[PDB]
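In terms of the authors' numbering, the sequence shown opens at residue 42 and continues consecutively. These notes are about the structure you will find just below.
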Amino acid sequence: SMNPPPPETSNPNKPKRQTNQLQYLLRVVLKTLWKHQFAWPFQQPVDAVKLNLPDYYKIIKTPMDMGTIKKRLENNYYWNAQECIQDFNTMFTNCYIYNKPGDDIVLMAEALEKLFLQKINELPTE
Ligand SMILES: CCS(=O)(=O)Nc1cccc(-c2cn(C)c(=O)c3ccccc23)c1
């Protein structure tokens, strides 16, 4: 079994910007979610090999995780905050698509998403 390459976190051709919203997303939002008791399964790409999930990447074709988001924020990959917010949303949605309602991982994702949405209500004006 093999995992796919992770999502891109570096691309010298992609224009980059360091907006106050992106700074908030790193310094406040990501940092707070990262320490949550349920964050650990989301801190790196799903390792379908290690977890014996051979169908994971047959079903999930747009993978995303908080480790990738952290690298994108820390390595100035984004142009705007919406790109980052979309990455979080992709992470959560993938979990809800792949797993059954009521699976522990889904409950963990839902708790993180509730927190994420509350925090982004305080995103500063651009
Ligand atoms: C740090 C990423 S890991 O892959 O190295 N470890 C890890 C450990 C426990 C749980 C999962 C996990 C994560 N997600 C997002 C899932 O959807 C999922 C679905 C079924 C079974 C396990 C998981 C991954």
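No residue lacks a Cβ here, since even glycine has one placed at the ideal position from N, Cα and C.
- In the DSSP assignment, residue 113 falls within the alpha helix (DSSP H) that extends over 107 to 115.
- A distance of 8 Å or more separates the beta carbons of residue 106 and residue 90.
- Counting only residues of its own chain and dropping the five nearest sequence neighbours on each side, residue 110 has a CB closer than 7 Å to the CB of 71, 125, 128 and 129.
- Annotated as distal: residue 133 and residue 74, with beta-carbon spacing of 8 Å or more.
- In the three-state DSSP reduction, residue 122 falls in the helix class (H, G or I).
- Under the three-state reduction of DSSP, residue 64 is assigned to helix.
- Residue side-chain check: residue 133 keeps its Cβ at 7 Å or more from all non-hydrogen atoms of ligand 1.
- In the three-state reduction of the DSSP assignment, residue 145 falls in the helix class, which pools H, G and I.
- Of the residues 150, 42, 65 and 166, the one whose Cα lies closest to the Cα of residue 114 is 65.
- Straight through space, the alpha carbons of residue 82 and residue 123 are spaced by roughly 24 Å.
- For residue 99, the enclosing alpha helix (DSSP H) has its first and last residue at 97 to 100.
- Contact check for residue 69 against residue 155 fails: the beta carbons are separated by 8 Å or more.
- For residue 62, the number of other beta carbons within 10 angstroms of its own is at least 16, and it is reported as buried.
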